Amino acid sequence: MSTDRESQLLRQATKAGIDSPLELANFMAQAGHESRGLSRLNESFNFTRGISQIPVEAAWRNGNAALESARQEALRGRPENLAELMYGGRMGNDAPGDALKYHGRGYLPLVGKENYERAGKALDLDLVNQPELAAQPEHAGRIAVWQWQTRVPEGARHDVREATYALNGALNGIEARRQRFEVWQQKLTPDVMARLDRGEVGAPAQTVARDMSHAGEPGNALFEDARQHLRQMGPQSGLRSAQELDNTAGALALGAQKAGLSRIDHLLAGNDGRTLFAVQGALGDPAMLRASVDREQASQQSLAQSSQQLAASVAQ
């Protein structure tokens, strides 16, 4: 599914010389955001909230009402009028129908007749006459790498904010791009990069990682604080298995890390036995920090999931 198209794009990118894990994560974050994880290879002309969502200033040149009428027509499957407002008379879209014919396609959307002309010439693809080729995953990958290597200067290859600006001349969805960037930085380990260099099909293997219950792993300090305090509660902790105690410690360390605690000094039961509160500092300290977990959900919450979420949280 997404894994197959993501693996294909990772191989195409590394085959084109995008070898830096930092540059590759950035490239993958921009492509993932602009195509919703490589699942949307065609531009959507559907705007359900309002015309304020339409990101092209030029679309208002015929007044607010003509733009609202084109929006309703696009929602009914006739986006020609909206495409003409958004891209007509720009980027080589001279003839009627060009704006929609050359709508965005690909991972780093190719839009406008002149960009289909330039990309076609550079990649030996008949994109002007068969623009649909730009929405085919294989060609889409080659076109995204070309957009990246020709529109992003070397100095902006490692920064999500600068790369987004060099690509789009504006900063849209920076939060979502930053989140995708941090996920790719975690996935592109040395062995994953080595398997991409070797050209392996399933190179992006995640593999079993050590959980926070192992010494030296991210969250281990908070995990041991939680585990010690759970064992101190004795039979009153309501935990009937070592596995449930470990799961609860993992959930507690995660909540603690998310709320800014560096240490769990105390564990308190509350909400009629349904909640566990992790506390940093004495209970009478007005600077005391706190975090809470649902006891039932925490006893069955995977320690591998808790360890993954805490590691990402610390990396953020």
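Each residue number is its position in the shown sequence, starting from 1.
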On mean C-alpha B-factor from the PDB entry, just flag whether 154 to 162 or 67 to 75 is the higher one. 154 to 162
Hey, which bit's got the bigger mean C-alpha B factor in the entry, 170 to 178 or 117 to 125? 170 to 178
Top residue by Cα temperature factor, when 88, 137, 104, 238 are compared in the entry: 238
Maximum C-alpha temperature factor per the entry, among 229, 210, 198, 142, belongs to which one? 210
Sorting the chain's modelled residues by C-alpha B-factor and splitting them into thirds places residue 81 in the lowest
Lowest, middle or highest third of the chain for the C-alpha temperature factor of residue 293? middle
Ranking the modelled residues of this chain by C-alpha B-factor as given in the entry, is residue 217 in the lowest, middle or highest third? middle
Within-chain third of residue 225 by Cα B-factor, per the entry: lowest
Is the Cα B-factor recorded for residue 97 in the lowest, middle or highest third of its chain? middle
